[PDB]
Amino acid sequence: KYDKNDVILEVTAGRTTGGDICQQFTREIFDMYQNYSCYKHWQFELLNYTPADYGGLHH
RNA sequence: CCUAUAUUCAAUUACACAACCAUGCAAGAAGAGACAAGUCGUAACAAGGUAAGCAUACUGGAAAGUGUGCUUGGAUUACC
Ligand SMILES: [K+]
Ligand SMILES: [K+]
Ligand SMILES: [Mg+2]
Ligand SMILES: [Mg+2]
Ligand SMILES: [Mg+2]
Ligand SMILES: [Mg+2]
Ligand SMILES: [Mg+2]
Ligand SMILES: [Mg+2]
Ligand SMILES: [Mg+2]
Ligand SMILES: [Mg+2]
Ligand SMILES: [Mg+2]
Ligand SMILES: [Mg+2]
Ligand SMILES: [Mg+2]
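Oh and the first sequence: position 33 is 211 in the entry's author numbering, straight run, nothing missing.
Here it is in structure tokens:
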């Protein structure tokens, strides 16, 4: 079923450790899927992008 | 009633009678604790950058802010 509906991918910053170790890691995997979409010839549409203070992605 | 002995007895009345408390459930309200790292600010510990704090009053998103009196669980480094 489905497989022909646009899918929204949401990434956040896990709350398990202090610092930016989790926030910085969020940026890397977010760009992983963005480059992956080009490999699969998909279409990427940015909806929300909130950078963190210490060079990261809050959500 | 010349030895002797037989028989009966009841429940009513005036008024109170779920107030009351226990247990269980509930439309819903409020508090406390928890890890965790999110948003907002930096109150406290150094004269914490306005010395802190108690009683009480008033005020503000939030720590708290300010007045009056009191405490040193602050200092004035000591022929200055
Ligand atoms: K103060
Ligand atoms: K002090
Ligand atoms: Mg922290
Ligand atoms: Mg000073
Ligand atoms: Mg301070
Ligand atoms: Mg200040
Ligand atoms: Mg102060
Ligand atoms: Mg004071
Ligand atoms: Mg007071
Ligand atoms: Mg004032
Ligand atoms: Mg005062
Ligand atoms: Mg004034
Ligand atoms: Mg001395």
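Backbone N, C-alpha and C fix where the C-beta goes; we use that ideal spot for every residue, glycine too.
query, result
"Do you know offhand how far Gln212's Cα is from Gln201's?", "17 Å"
"Is the beta carbon of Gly234 closer than 8 Å to that of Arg205?", "yes"
"So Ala230 and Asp198 are supposed to be a Cβ contact under 8 Å. How far apart are they, rounded?", "7 Å"
"Go through its chain and collect everything with a Cβ distance to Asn226's Cβ below 8 Å, but skip five positions before and after it.", "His237"
"Would you kindly work out how many angstroms separate the C-alpha atoms of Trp220 and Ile186, rounded to a whole number?", "13 Å"
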